[PDB]
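Form solved without ligand NAD, single chain, as C-alpha cells, below.
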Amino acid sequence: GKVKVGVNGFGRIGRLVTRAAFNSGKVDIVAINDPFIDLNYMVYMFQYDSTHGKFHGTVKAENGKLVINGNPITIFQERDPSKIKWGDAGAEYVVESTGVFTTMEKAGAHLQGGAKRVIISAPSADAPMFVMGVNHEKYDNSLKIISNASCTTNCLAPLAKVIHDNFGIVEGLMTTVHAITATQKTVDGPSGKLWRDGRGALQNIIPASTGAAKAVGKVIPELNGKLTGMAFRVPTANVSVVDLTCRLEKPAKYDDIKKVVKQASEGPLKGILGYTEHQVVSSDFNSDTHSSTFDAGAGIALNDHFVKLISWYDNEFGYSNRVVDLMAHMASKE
C-alpha cells in the first residue's frame, strides 16, 4: 500500500514533487495547500512547464478538486499551517516546501492538523538531515520531523562518500556553477541583505555563498570541518555542475578513481550516482533523475594526492525524485 502524501506550497519544488510522484507511482498525493493559487491556475501551472515540457497525462478541475490521471486531490487555501485539516483529507505524510517553515517548531504545526510525519524539502537548522544512498539507513520511526538537505548537498554527498571510503579525503573545497532560481531578478532590483543577488540574472554571474559543503559534514560525520565552498549563478535554465577540489590521504591515479566510481555507480548507488565517459554538456542532463553524474573526461589531477572532480546534476528533477524516494523508504520502515 502506497502512503498518502499532502504537499504544502505549490511553488517549483511542490509542483515538481507532485510530478515526480505521479510519474514514478511510489506515493499517492491526496491534498495540496496554497493560499495564493486558485484551482484553475493550479491546472494551468501544473499542465505547462517551460523547462520540462507538457505533462504526460490528463489534468483538470472538477467539483472543487484537482483531478490528475483520474485521481482527485483536495485543495486547501489556509495561510496558517496549524489550521490545515490534513487528517480529514487522509494525508499521512506532509511535504513542507514553502521554504519559510524550516525549524522544528515552525514545521511542527502540521502535526496539530492530523499529519503523522513532516518532511522539509530544505536545509534545516535543527531537524535531522537524510540523503538517500548515504545515511538514509540511520532513520528510525521515532523521528517525526525530517529534512532532506538541498540539491547541492544531494549532488556532493554520494561522490564524497565514495571518494572518502576509498581514498580518505583530508580537505576539500567545492565550487558549484548553478542555474538561475526563483529568488533572482530579471533586471537590477532591490534585495534586502544580499546585494549581489538583486542584480540582473540575464547579464551577470553572482558569486553566492552556500552552506551545502558544510552540511555534507552533518550528513557524513567523518568529514565534519573538512569541506566548505561557494557558488556562481550563471544565466542558464536548469542544469548545475559541482567542481570538488580535494586532497587525498592515500595515493590515487585517475584511472583508479574512475574504476571505483563506476563500480559504485553500478551496484550499490544505482539510480543515485551516475557515470559517463561521453562528451556531454549541461542540456544532456535535462529531466535526469540521478542525484549526481560523474564526468570522467572533464576532471583533472595534478598528482596522486590532489585531484579535481566534476559532477552534473539537475537541481529540479533529481531533488524531487529523492524526496519521493525518502518518503517511500520512510513508509517501508513503518
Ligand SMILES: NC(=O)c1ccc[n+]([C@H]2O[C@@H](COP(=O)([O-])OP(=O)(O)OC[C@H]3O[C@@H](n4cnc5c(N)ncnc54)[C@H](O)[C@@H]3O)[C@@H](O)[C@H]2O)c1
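From 1 onward, residues are counted along the sequence shown.
Omitted here: the form solved in complex with ligand NAD. The next part is about that form.
> Is the site here open or blocked once ligand NAD, taken in the entry with it bound, is overlaid via the site C-alphas (blocked: 3+ ligand atoms within 2.4 Å of backbone or C-beta atoms)?
Replying inline: Open, going by where ligand NAD lands after superposition on the site C-alphas.
>> Going by heavy atom distances of 4.5 angstroms or less, which of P123, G133, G229, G113 would be at the interface with ligand NAD in the entry with it bound?
In response: None of the others qualify; the residue that does is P123.
> Which one of these stretches, 97-105, 216-224, 163-171, 258-266, sits within 4.5 Å of ligand NAD in the entry with it bound when only heavy atoms are counted?
Replying inline: So the stretch in question is 97-105.
> Is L326 close enough to ligand NAD in the entry with it bound to count, meaning some heavy atom within 4.5 Å?
Replying inline: Result no; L326 lies far from ligand NAD in the entry with it bound.
> Is there any non-hydrogen atom of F36 lying within 4.5 Å of ligand NAD in the entry with it bound?
Replying inline: Yes, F36 is a contact residue.
> Do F10 and ligand NAD share at least one heavy atom pair within 4.5 Å in the entry with it bound?
Replying inline: Yes - in the entry with it bound, heavy atoms of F10 and ligand NAD come within 4.5 Å of each other.
>> Taking ligand NAD as it sits in the entry with it bound, is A182 in contact with it (heavy atom to heavy atom, 4.5 Å or less)?
In response: Yes - in the entry with it bound, heavy atoms of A182 and ligand NAD come within 4.5 Å of each other.
>> Where, within 218-237, is there a heavy atom within 4.5 Å of ligand NAD in the entry with it bound? Residue list please.
In response: Going through 218-237 in order - heavy atoms within 4.5 Å of ligand NAD in the entry with it bound - there are no hits.
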